[PDB]
Amino acid sequence: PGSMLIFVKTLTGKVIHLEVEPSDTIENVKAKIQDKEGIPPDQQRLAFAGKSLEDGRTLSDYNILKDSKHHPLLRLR
Amino acid sequence: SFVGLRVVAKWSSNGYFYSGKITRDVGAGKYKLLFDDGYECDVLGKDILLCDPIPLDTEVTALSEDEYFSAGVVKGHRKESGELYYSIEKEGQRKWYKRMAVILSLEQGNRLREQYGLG
């Protein structure tokens with residue numbers, strides 16, 4: 001696949017990394033955060049560079065993913 | 001004698017290395033680490049690099065203002081009343097990054113293990 005590396009900063013400050021595809025939905029990303037960090041999706045509000053990422057869009061919908069050399073840091077809030 | 005030392009360490013087998021401090025030798029080959037990001041956990045000593053600061057010309061991964069991590073090279077450091085900043089060059093351009101904005105990929109950290117690995 002064409003998977004890509006992103007980072008996520010939790011509320012505690014802990015940074016994790018995930019492999020995602022440009023076609024993953026925000027809900028799918030929250031499900032991956034859940035799988036890795038146990039944070040229920042009902043607790044999870046994601047943003048990139050201060051813009052809310054909403055359920056039912058993909059990462060590509062937000063123009064977040066670039067090339068494989070630049071890894072966006074999402075933040076939970 | 002490793003307790004209180006600044007390190008860069010990873011907490012998963014394929015993960016990145018993050019800055020932190022050793023707070024205790026806990027045995028079973030592990031050390032309790034308080035990461036600058038706040039996470040604390042017991043990490044394997046093999047996954048700890050005893051280098052502080054990260055040396056000149058090290059290839060690192062740094063968080064730019066645009067909220068993307070990408071590779072760069074350390075070109076200098078400044079300690080401004082407690083805080084360490086790194087000067088990191090990317091495609092010819094130098095910017096200053098806080099210590100906690102500078103991390104190492106698996107390969108980048110692996111490059112430093114023979115010189116700075118704990119053990």
# chains A, B, ... in the order shown; residues from 1 in each chain; ligands from 1
call {"tool": "residues_around", "arguments": {"residues": "residue 21 of chain A", "least_positions_apart": "6", "cutoff": "7 Å", "atoms": "only C-alpha atoms", "output": "compact mmCIF listing (two decimals) with N, CA, C and O atoms, in the first residue's frame"}}
result
# COMPACT_ATOMS: atom_id res chain seq x y z
N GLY A 2 0.12 2.42 -0.11
CA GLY A 2 0.74 3.74 -0.11
C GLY A 2 0.60 4.45 1.24
O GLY A 2 0.19 5.61 1.30
N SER A 3 1.00 3.76 2.32
CA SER A 3 0.74 4.27 3.66
C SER A 3 1.73 5.37 4.00
O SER A 3 2.78 5.53 3.37
N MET A 4 1.36 6.18 4.99
CA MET A 4 2.13 7.38 5.29
C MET A 4 2.24 7.50 6.80
O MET A 4 1.35 7.08 7.54
call {"tool": "interface_residues", "arguments": {"of": "chain B", "to": "chain A", "cutoff": "10 Å", "atoms": "only C-alpha atoms", "output": "list in words"}}
result
residues 12, 14, 15, 16, 18, 35, 36, 37, 38, 39, 40, 61, 62, 63, 64, 65, 66, 67, 68, 69, 70 and 71 of chain B
call {"tool": "write_last_selection", "arguments": {"atoms": "N, CA and C atoms", "output": "mmCIF file, in the first residue's frame"}}
result
data_model
loop_
_atom_site.group_PDB
_atom_site.id
_atom_site.type_symbol
_atom_site.label_atom_id
_atom_site.label_comp_id
_atom_site.auth_asym_id
_atom_site.auth_seq_id
_atom_site.Cartn_x
_atom_site.Cartn_y
_atom_site.Cartn_z
ATOM 1 N N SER B 12 9.054 1.926 21.776
ATOM 2 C CA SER B 12 8.572 0.816 20.965
ATOM 3 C C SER B 12 9.670 0.298 20.053
ATOM 4 N N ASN B 14 9.821 -0.294 16.824
ATOM 5 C CA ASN B 14 9.992 0.423 15.560
ATOM 6 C C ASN B 14 9.713 1.928 15.690
ATOM 7 N N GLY B 15 9.793 2.477 16.894
ATOM 8 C CA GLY B 15 9.360 3.839 17.123
ATOM 9 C C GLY B 15 10.497 4.833 16.970
ATOM 10 N N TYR B 16 10.137 6.076 17.214
ATOM 11 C CA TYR B 16 11.092 7.178 17.252
ATOM 12 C C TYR B 16 11.735 7.297 18.633
ATOM 13 N N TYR B 18 12.825 9.946 21.615
ATOM 14 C CA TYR B 18 12.351 11.201 22.166
ATOM 15 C C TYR B 18 13.231 11.639 23.332
ATOM 16 N N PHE B 35 9.969 11.337 29.900
ATOM 17 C CA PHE B 35 10.100 12.055 28.639
ATOM 18 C C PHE B 35 9.686 13.514 28.814
ATOM 19 N N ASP B 36 10.367 14.406 28.088
ATOM 20 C CA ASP B 36 10.068 15.826 28.126
ATOM 21 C C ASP B 36 8.594 16.063 27.779
ATOM 22 N N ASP B 37 7.985 15.140 27.003
ATOM 23 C CA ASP B 37 6.584 15.228 26.588
ATOM 24 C C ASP B 37 5.641 14.824 27.728
ATOM 25 N N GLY B 38 6.192 14.351 28.866
ATOM 26 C CA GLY B 38 5.403 14.002 30.042
ATOM 27 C C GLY B 38 5.202 12.497 30.246
ATOM 28 N N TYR B 39 5.181 11.716 29.171
ATOM 29 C CA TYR B 39 5.036 10.274 29.303
ATOM 30 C C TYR B 39 6.181 9.733 30.176
ATOM 31 N N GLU B 40 5.871 8.833 31.122
ATOM 32 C CA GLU B 40 6.905 8.134 31.861
ATOM 33 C C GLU B 40 6.703 6.649 31.631
ATOM 34 N N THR B 61 15.088 14.436 13.175
ATOM 35 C CA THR B 61 13.756 14.765 12.691
ATOM 36 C C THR B 61 13.212 15.898 13.559
ATOM 37 N N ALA B 62 12.748 17.011 12.969
ATOM 38 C CA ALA B 62 12.393 18.169 13.729
ATOM 39 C C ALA B 62 11.036 18.686 13.249
ATOM 40 N N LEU B 63 10.313 19.207 14.222
ATOM 41 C CA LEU B 63 8.985 19.741 14.012
ATOM 42 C C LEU B 63 9.065 21.201 13.599
ATOM 43 N N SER B 64 8.722 21.457 12.344
ATOM 44 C CA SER B 64 8.699 22.812 11.817
ATOM 45 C C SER B 64 7.454 23.555 12.316
ATOM 46 N N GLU B 65 7.456 24.882 12.117
ATOM 47 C CA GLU B 65 6.376 25.751 12.518
ATOM 48 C C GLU B 65 5.056 25.373 11.858
ATOM 49 N N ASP B 66 5.126 24.796 10.649
ATOM 50 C CA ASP B 66 3.975 24.376 9.890
ATOM 51 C C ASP B 66 3.372 23.052 10.374
ATOM 52 N N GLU B 67 3.974 22.495 11.426
ATOM 53 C CA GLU B 67 3.490 21.311 12.148
ATOM 54 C C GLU B 67 3.782 20.027 11.389
ATOM 55 N N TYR B 68 4.816 20.033 10.558
ATOM 56 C CA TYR B 68 5.354 18.854 9.934
ATOM 57 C C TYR B 68 6.700 18.528 10.540
ATOM 58 N N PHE B 69 6.879 17.276 10.938
ATOM 59 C CA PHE B 69 8.191 16.722 11.173
ATOM 60 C C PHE B 69 8.832 16.379 9.838
ATOM 61 N N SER B 70 10.133 16.666 9.731
ATOM 62 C CA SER B 70 10.963 16.245 8.606
ATOM 63 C C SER B 70 12.435 16.250 9.023
ATOM 64 N N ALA B 71 13.224 15.557 8.210
ATOM 65 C CA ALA B 71 14.649 15.383 8.503
ATOM 66 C C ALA B 71 15.431 16.712 8.333
#
call {"tool": "residues_around", "arguments": {"residues": "residue 30 of chain B", "least_positions_apart": "6", "cutoff": "8 Å", "atoms": "only C-alpha atoms", "output": "ChimeraX atom specification"}}
result
/B:42-45
call {"tool": "residues_around", "arguments": {"residues": "residue 82 of chain B", "least_positions_apart": "4", "cutoff": "12 Å", "atoms": "only C-alpha atoms", "output": "list in words"}}
result
residues 78, 98 and 99 of chain B
call {"tool": "select_by_dssp", "arguments": {"residues": "segment 1-58 of chain A", "states": "helix (DSSP H, G or I)", "output": "VMD selection string"}}
result
chain A and resid 26 to 37 41 to 43
call {"tool": "write_last_selection", "arguments": {"atoms": "N, CA, C and O atoms", "output": "PDB file, in the first residue's frame"}}
result
ATOM      1  N   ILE A  26     -11.110  10.354   9.341  1.00  0.00           N
ATOM      2  CA  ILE A  26     -10.816  10.756  10.701  1.00  0.00           C
ATOM      3  C   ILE A  26     -11.281   9.703  11.715  1.00  0.00           C
ATOM      4  O   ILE A  26     -10.572   9.389  12.675  1.00  0.00           O
ATOM      5  N   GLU A  27     -12.445   9.055  11.506  1.00  0.00           N
ATOM      6  CA  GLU A  27     -12.914   8.053  12.454  1.00  0.00           C
ATOM      7  C   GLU A  27     -11.971   6.855  12.507  1.00  0.00           C
ATOM      8  O   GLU A  27     -11.747   6.258  13.546  1.00  0.00           O
ATOM      9  N   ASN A  28     -11.449   6.478  11.337  1.00  0.00           N
ATOM     10  CA  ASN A  28     -10.467   5.429  11.227  1.00  0.00           C
ATOM     11  C   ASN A  28      -9.169   5.820  11.964  1.00  0.00           C
ATOM     12  O   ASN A  28      -8.536   4.981  12.611  1.00  0.00           O
ATOM     13  N   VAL A  29      -8.728   7.078  11.819  1.00  0.00           N
ATOM     14  CA  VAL A  29      -7.559   7.538  12.571  1.00  0.00           C
ATOM     15  C   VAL A  29      -7.814   7.475  14.092  1.00  0.00           C
ATOM     16  O   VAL A  29      -6.951   7.097  14.872  1.00  0.00           O
ATOM     17  N   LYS A  30      -9.049   7.822  14.536  1.00  0.00           N
ATOM     18  CA  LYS A  30      -9.371   7.785  15.954  1.00  0.00           C
ATOM     19  C   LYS A  30      -9.366   6.344  16.436  1.00  0.00           C
ATOM     20  O   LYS A  30      -8.992   6.057  17.578  1.00  0.00           O
ATOM     21  N   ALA A  31      -9.748   5.421  15.532  1.00  0.00           N
ATOM     22  CA  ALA A  31      -9.798   4.008  15.859  1.00  0.00           C
ATOM     23  C   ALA A  31      -8.375   3.481  15.982  1.00  0.00           C
ATOM     24  O   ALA A  31      -8.062   2.631  16.807  1.00  0.00           O
ATOM     25  N   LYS A  32      -7.464   4.040  15.170  1.00  0.00           N
ATOM     26  CA  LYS A  32      -6.052   3.660  15.314  1.00  0.00           C
ATOM     27  C   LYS A  32      -5.415   4.194  16.602  1.00  0.00           C
ATOM     28  O   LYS A  32      -4.600   3.514  17.213  1.00  0.00           O
ATOM     29  N   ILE A  33      -5.739   5.430  16.980  1.00  0.00           N
ATOM     30  CA  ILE A  33      -5.347   6.013  18.251  1.00  0.00           C
ATOM     31  C   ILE A  33      -5.912   5.143  19.374  1.00  0.00           C
ATOM     32  O   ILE A  33      -5.226   4.913  20.363  1.00  0.00           O
ATOM     33  N   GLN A  34      -7.176   4.715  19.241  1.00  0.00           N
ATOM     34  CA  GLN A  34      -7.766   3.865  20.268  1.00  0.00           C
ATOM     35  C   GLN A  34      -6.970   2.563  20.383  1.00  0.00           C
ATOM     36  O   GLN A  34      -6.560   2.180  21.475  1.00  0.00           O
ATOM     37  N   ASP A  35      -6.746   1.899  19.242  1.00  0.00           N
ATOM     38  CA  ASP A  35      -5.968   0.669  19.196  1.00  0.00           C
ATOM     39  C   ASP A  35      -4.586   0.833  19.844  1.00  0.00           C
ATOM     40  O   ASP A  35      -4.109  -0.105  20.477  1.00  0.00           O
ATOM     41  N   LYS A  36      -3.945   2.011  19.780  1.00  0.00           N
ATOM     42  CA  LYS A  36      -2.577   2.133  20.255  1.00  0.00           C
ATOM     43  C   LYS A  36      -2.560   2.686  21.681  1.00  0.00           C
ATOM     44  O   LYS A  36      -1.734   2.255  22.496  1.00  0.00           O
ATOM     45  N   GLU A  37      -3.472   3.622  21.988  1.00  0.00           N
ATOM     46  CA  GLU A  37      -3.403   4.388  23.229  1.00  0.00           C
ATOM     47  C   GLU A  37      -4.598   4.136  24.155  1.00  0.00           C
ATOM     48  O   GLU A  37      -4.594   4.615  25.286  1.00  0.00           O
ATOM     49  N   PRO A  41     -12.625   6.823  21.253  1.00  0.00           N
ATOM     50  CA  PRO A  41     -12.885   7.855  20.263  1.00  0.00           C
ATOM     51  C   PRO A  41     -13.842   8.944  20.762  1.00  0.00           C
ATOM     52  O   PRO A  41     -13.760  10.078  20.306  1.00  0.00           O
ATOM     53  N   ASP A  42     -14.751   8.591  21.692  1.00  0.00           N
ATOM     54  CA  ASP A  42     -15.671   9.559  22.271  1.00  0.00           C
ATOM     55  C   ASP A  42     -14.890  10.612  23.070  1.00  0.00           C
ATOM     56  O   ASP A  42     -15.418  11.683  23.353  1.00  0.00           O
ATOM     57  N   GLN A  43     -13.629  10.338  23.435  1.00  0.00           N
ATOM     58  CA  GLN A  43     -12.827  11.349  24.106  1.00  0.00           C
ATOM     59  C   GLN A  43     -11.996  12.178  23.100  1.00  0.00           C
ATOM     60  O   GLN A  43     -11.362  13.129  23.527  1.00  0.00           O
TER      61      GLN A  43
END
call {"tool": "decode", "arguments": {"residues": "segment 25-68 of chain A", "atoms": "N, CA and C atoms", "output": "CSV table (one decimal), in the first residue's frame"}}
result
chain,number,residue,atom,x,y,z
A,25,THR,N,-10.3,7.8,7.0
A,25,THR,CA,-11.2,8.8,7.5
A,25,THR,C,-10.7,9.2,8.9
A,26,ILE,N,-11.1,10.4,9.3
A,26,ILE,CA,-10.8,10.8,10.7
A,26,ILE,C,-11.3,9.7,11.7
A,27,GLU,N,-12.4,9.1,11.5
A,27,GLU,CA,-12.9,8.1,12.5
A,27,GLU,C,-12.0,6.9,12.5
A,28,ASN,N,-11.4,6.5,11.3
A,28,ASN,CA,-10.5,5.4,11.2
A,28,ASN,C,-9.2,5.8,12.0
A,29,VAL,N,-8.7,7.1,11.8
A,29,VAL,CA,-7.6,7.5,12.6
A,29,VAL,C,-7.8,7.5,14.1
A,30,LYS,N,-9.0,7.8,14.5
A,30,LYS,CA,-9.4,7.8,16.0
A,30,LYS,C,-9.4,6.3,16.4
A,31,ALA,N,-9.7,5.4,15.5
A,31,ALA,CA,-9.8,4.0,15.9
A,31,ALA,C,-8.4,3.5,16.0
A,32,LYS,N,-7.5,4.0,15.2
A,32,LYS,CA,-6.1,3.7,15.3
A,32,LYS,C,-5.4,4.2,16.6
A,33,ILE,N,-5.7,5.4,17.0
A,33,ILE,CA,-5.3,6.0,18.3
A,33,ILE,C,-5.9,5.1,19.4
A,34,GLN,N,-7.2,4.7,19.2
A,34,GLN,CA,-7.8,3.9,20.3
A,34,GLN,C,-7.0,2.6,20.4
A,35,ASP,N,-6.7,1.9,19.2
A,35,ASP,CA,-6.0,0.7,19.2
A,35,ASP,C,-4.6,0.8,19.8
A,36,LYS,N,-3.9,2.0,19.8
A,36,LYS,CA,-2.6,2.1,20.3
A,36,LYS,C,-2.6,2.7,21.7
A,37,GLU,N,-3.5,3.6,22.0
A,37,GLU,CA,-3.4,4.4,23.2
A,37,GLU,C,-4.6,4.1,24.2
A,38,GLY,N,-5.6,3.4,23.7
A,38,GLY,CA,-6.8,3.0,24.5
A,38,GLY,C,-7.7,4.2,24.7
A,39,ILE,N,-7.4,5.4,24.2
A,39,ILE,CA,-8.3,6.6,24.3
A,39,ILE,C,-9.5,6.3,23.6
A,40,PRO,N,-10.7,6.1,24.2
A,40,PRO,CA,-11.9,6.0,23.5
A,40,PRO,C,-12.1,7.1,22.5
A,41,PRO,N,-12.6,6.8,21.3
A,41,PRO,CA,-12.9,7.9,20.3
A,41,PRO,C,-13.8,8.9,20.8
A,42,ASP,N,-14.8,8.6,21.7
A,42,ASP,CA,-15.7,9.6,22.3
A,42,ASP,C,-14.9,10.6,23.1
A,43,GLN,N,-13.6,10.3,23.4
A,43,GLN,CA,-12.8,11.3,24.1
A,43,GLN,C,-12.0,12.2,23.1
A,44,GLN,N,-12.0,11.9,21.8
A,44,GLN,CA,-11.0,12.4,20.8
A,44,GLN,C,-11.5,13.5,19.9
A,45,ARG,N,-10.9,14.6,20.0
A,45,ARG,CA,-11.0,15.8,19.1
A,45,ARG,C,-9.6,16.0,18.5
A,46,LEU,N,-9.6,15.9,17.2
A,46,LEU,CA,-8.3,16.0,16.4
A,46,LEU,C,-8.3,17.4,15.7
A,47,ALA,N,-7.0,17.9,15.6
A,47,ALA,CA,-6.8,19.1,14.8
A,47,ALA,C,-5.4,19.0,14.1
A,48,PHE,N,-5.3,19.6,13.0
A,48,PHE,CA,-4.0,19.8,12.3
A,48,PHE,C,-3.8,21.3,12.2
A,49,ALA,N,-2.7,21.8,12.7
A,49,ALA,CA,-2.3,23.2,12.7
A,49,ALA,C,-3.5,24.1,13.1
A,50,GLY,N,-4.3,23.6,14.1
A,50,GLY,CA,-5.3,24.4,14.7
A,50,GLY,C,-6.7,24.3,14.0
A,51,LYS,N,-6.8,23.5,12.9
A,51,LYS,CA,-8.0,23.3,12.2
A,51,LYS,C,-8.6,21.9,12.6
A,52,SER,N,-9.9,21.9,13.1
A,52,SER,CA,-10.6,20.7,13.5
A,52,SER,C,-10.7,19.8,12.3
A,53,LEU,N,-10.4,18.5,12.6
A,53,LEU,CA,-10.6,17.4,11.6
A,53,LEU,C,-11.9,16.7,12.0
A,54,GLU,N,-12.8,16.7,11.1
A,54,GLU,CA,-14.2,16.2,11.4
A,54,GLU,C,-14.4,14.8,10.8
A,55,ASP,N,-15.2,14.0,11.5
A,55,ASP,CA,-15.6,12.7,11.1
A,55,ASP,C,-16.2,12.8,9.6
A,56,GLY,N,-15.8,11.8,8.8
A,56,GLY,CA,-16.3,11.5,7.5
A,56,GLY,C,-15.6,12.2,6.4
A,57,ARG,N,-14.5,12.9,6.7
A,57,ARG,CA,-13.6,13.4,5.7
A,57,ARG,C,-12.4,12.4,5.9
A,58,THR,N,-11.5,12.5,4.9
A,58,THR,CA,-10.2,11.8,4.9
A,58,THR,C,-9.1,12.9,5.1
A,59,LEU,N,-7.9,12.4,5.4
A,59,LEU,CA,-6.8,13.2,5.5
A,59,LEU,C,-6.5,14.1,4.3
A,60,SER,N,-6.7,13.4,3.1
A,60,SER,CA,-6.5,14.1,1.8
A,60,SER,C,-7.5,15.2,1.6
A,61,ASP,N,-8.8,15.1,2.1
A,61,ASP,CA,-9.8,16.1,2.0
A,61,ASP,C,-9.2,17.4,2.7
A,62,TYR,N,-8.3,17.3,3.7
A,62,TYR,CA,-7.9,18.5,4.4
A,62,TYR,C,-6.5,18.9,3.8
A,63,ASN,N,-6.0,18.2,2.8
A,63,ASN,CA,-4.7,18.7,2.3
A,63,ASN,C,-3.6,18.6,3.3
A,64,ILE,N,-3.6,17.6,4.2
A,64,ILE,CA,-2.7,17.4,5.3
A,64,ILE,C,-1.5,16.7,4.8
A,65,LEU,N,-1.7,15.6,4.0
A,65,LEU,CA,-0.6,14.7,3.6
A,65,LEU,C,0.1,15.3,2.4
A,66,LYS,N,1.4,15.3,2.5
A,66,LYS,CA,2.3,15.8,1.4
A,66,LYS,C,3.0,14.7,0.8
A,67,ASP,N,4.3,14.7,0.8
A,67,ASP,CA,5.2,13.6,0.3
A,67,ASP,C,5.5,12.8,1.6
A,68,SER,N,6.2,11.7,1.3
A,68,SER,CA,6.7,10.8,2.4
A,68,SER,C,7.7,11.3,3.3
